[PDB]
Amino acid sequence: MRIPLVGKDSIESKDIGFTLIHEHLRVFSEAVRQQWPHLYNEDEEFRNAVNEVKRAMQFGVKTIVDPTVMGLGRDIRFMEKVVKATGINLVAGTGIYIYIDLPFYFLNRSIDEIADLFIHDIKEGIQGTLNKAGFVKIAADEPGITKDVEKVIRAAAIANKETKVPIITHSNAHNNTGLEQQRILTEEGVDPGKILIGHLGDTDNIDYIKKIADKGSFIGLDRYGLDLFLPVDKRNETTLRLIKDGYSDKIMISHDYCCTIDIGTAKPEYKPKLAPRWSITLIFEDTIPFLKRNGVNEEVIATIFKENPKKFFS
């Protein structure tokens, strides 16, 4: 009776268990898939998602939070089927993922109208189902905090204030967008501890990363495996340094893995150089063992993957 789950009764936050806070069962461009269905294979997508979730569960993952929202091809019914086939705790979200402008629908519509969409998903349910959103996802990237990006951020703040769900962000680690997202959300009255500023693991600039944590928000070291953003070894070094400097209670770790994704960058022939070891279980194979043999106590692991998510959703 707190965190809504796809295809299940809602759960208390104290019962979330070991959590992967940022993974995607499937990502696609809504307009492309609608216009050219021949490009997609739902059987393969389902197979890939089920296989990955099953392996995560074998490593002890109890809950997966999937920030696929408008602009990334959120499909609650696809998510339902994956849950059915695996028994995973899956937290679905609402929100809008844009880099520049909103869809034309939003021309001459207020921030209130946008927030209403989020509240609908949180209180009523997603895409005509009774599966409810457990959080709001927003984005900004290379283009910075544009007018429309800002509208979406302020709409997310309204939704959090009304429903108490936390906010997960996508940011670009190199241009201050994460710090700006946090600033705007907190100014709108969002509790800093209800914000996860995403993709900060894409940089080794620990001074910037600590600024965000210092202002009270979780920091997303959340793209493990995506070497094109930052290699695994450098991520590991950065994660280890943050832990040693006392930032464990702010750290969240994940892969941002896409069991299937439709962008051209994700073509199989680019995998070897861009993301050779990227999968939903890389941290069990590399990161966690690495931390443990570099003096990191098990209590820190519990904090990052259990306590922090519990707090985020409380």
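Heads up: residue numbers just count along the shown sequence, starting at 1.
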Stretch with higher mean Cα temperature factor, 124-132 vs 196-204, is 124-132
Higher of the two mean Cα B-factors (214-222, 79-87; per PDB record) comes from 79-87
Listed options 68, 51, 34, 248: highest C-alpha B factor recorded at 51
Top Cα B-factor in this entry, restricted to 263, 282, 252, 64, sits on 263
So, residue 109's CA B-factor, relative to its chain, sits in which third? The highest
By the entry's values, the third containing the CA B factor of residue 14 is the highest
Residue 99: CA B-factor among chain residues, third -> middle
Chain-relative C-alpha B factor for residue 143 (record values, thirds): the middle
Tertile call for residue 45 (CA temperature factor, within chain, third-based) is the middle
